[PDB]
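Asker: need coordinates for the following:
(one chain, ligands or ions: 1)
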Amino acid sequence: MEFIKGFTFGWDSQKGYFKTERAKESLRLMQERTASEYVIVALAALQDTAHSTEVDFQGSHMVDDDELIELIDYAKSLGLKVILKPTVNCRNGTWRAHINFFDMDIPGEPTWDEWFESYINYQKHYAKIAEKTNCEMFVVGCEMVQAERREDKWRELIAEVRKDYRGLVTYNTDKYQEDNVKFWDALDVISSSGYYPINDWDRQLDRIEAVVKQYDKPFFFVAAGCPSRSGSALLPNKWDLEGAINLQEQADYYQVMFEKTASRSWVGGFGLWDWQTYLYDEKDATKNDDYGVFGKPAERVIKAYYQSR
Ligand SMILES: OC[C@H]1O[C@@H](O[C@H]2[C@H](O)[C@H](O)[C@H](O)O[C@@H]2CO)[C@@H](O)[C@@H](O)[C@@H]1O
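Answerer: Numbers count the residues shown, from 1 in each chain. Structure as follows:
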């Protein structure tokens, strides 16, 4: 696997967003400012709670199929390769890592089989879209920590995706959970959300390396990044962390991440988190405390590193 110079796009999208000129302008700027060669198109269906069984990919929160295909085609017209990442959020705000059901099927209770039926039907539809648009890679799940123990069901889902899509298939585990997944043999690429502290890369990379060596598969950090916020460099996954604006802390985080991972031949790339569809005005970048790097010192750090690889 070539080194993946990637950037996540579309997380903020809602139905209709991908029809707009400003979505195209934002993607053009993502490529120009970062020298990314892959875009990770990250989308989120909705379910009501962490313990309900219906996965909705048709409502106002989700781009329509026609505009999604339009955006994917436009990305390819720019020379980008495309990784499609359809995941799921909860309407009550619970992180999807907590999605979970009783081990047993209890009368009148929601079951694992019910949830997986709805989630499989969701994944198969977007796998067909990934096939039609020739996406380079497809991500069947994201940070589903408590669901990862249902090995048999994840294998069933992956086999369903294989019937619809001929490209590379991966699953995105959460930080520290790279060994929690036992179905890596059924996938083409291992990936995780590499939200590791600025001062702990050595221990975490050594741990992941040993996991990755157990399988014969390439690896990359399909999500990674850090807000421009004081304190974020120690807990970069924490999107709701409280702290003052700090552009330099974000740049320092990226500098260390790239320096530490560059010497690991098995770290095969990044899907940096994240580049918004409705991008803030560049004049507001020095006051933006979010993950975005547009107009911030980390933008130049990323572009320089991607151009070196
Ligand atoms: O899921 C809604 C929340 O997403 C947050 O971004 C997370 C994302 O869920 C996923 O965990 C990814 O790997 O890291 C992102 C940054 O931590 C935020 O966008 C937040 O506003 C959202 O409600």
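
Asker: from here on, just use CA atoms for contacts and neighbour counts.
Answerer: OK.

Asker: state the distance from the residue sitting furthest away from the middle of the chain to residue 17.
Answerer: Distance from the C-alpha centroid of the chain, by C-alpha atoms, centre = their mean, peaks at residue 107 (35.7 Å). The gap separating residue 107 from residue 17 is 42 Å, by C-alpha to C-alpha, to the nearest Å.

Asker: do I have it right that residue 165 meets residue 130?
Answerer: Yes: with contact defined as C-alpha atoms under 8 Å, residue 165 counts as touching residue 130 (6.8 Å).

Asker: check contacts around whichever residue of the stretch 1-150 of the chain sits closest to the ligand.
Answerer: Residue nearest to the ligand within the stretch 1-150 of the chain (C-alpha to the nearest ligand atom): residue 89, separated by 5.4 Å. By C-alpha atoms under 8 Å, 6 or more residues apart in numbering, the residues touching residue 89 are 44, 45, 46, 47, 95, 96.

Asker: now do residue 232
Answerer: Contacts of residue 232 (C-alpha under 8 Å, 6+ apart): 226, 238, 241, 243, 249, 250.

Asker: excluding its backbone neighbours, what's nearest the third one?
Answerer: In space, and not counting its chain neighbours, residue 241 is closest to residue 232: 7.1 Å by C-alpha to C-alpha, 6 or more residues apart in numbering.

Asker: mind giving me the packing neighbours of the helix or strand hosting residue 29?
Answerer: According to DSSP states H and E, residue 29 maps onto helix 21-34. Under the contact criterion of 3 or more C-alpha pairs under 8 Å, 6 or more residues apart in numbering; DSSP states H and E, helix 21-34 touches helix 65-77, helix 297-308.

Asker: tilt between the helix or strand following that helix and helix 21-34?
Answerer: Note on helix 21-34: by DSSP H and E, the next helix or strand toward the C-terminus is strand 38-47. Angle of strand 38-47 versus helix 21-34, following axes from the mean of the first three to the mean of the last three C-alpha atoms, to 10 degrees, is 130 degrees.

Asker: can you spell out which helices and strands pack onto strand 38-47?
Answerer: Packed next to strand 38-47, using 3+ C-alpha pairs under 8 Å, 6+ apart, are strand 4-9, strand 81-90, strand 267-275.

Asker: what's near enough to touch the nearest residue to residue 104 once chain neighbours are set aside?
Answerer: Counting by C-alpha to C-alpha, 6+ apart, residue 111 is the residue found nearest to residue 104 once chain neighbours are left out, at 7.7 Å. Shown in contact with residue 111 (C-alpha under 8 Å, 6+ apart): 53, 101, 102, 104, 105.

Asker: repeat that for residue 269.
Answerer: Residue 269 is in contact with 3, 4, 5, 6, 219, 220, 221, 222, counting by C-alpha under 8 Å, 6+ apart.
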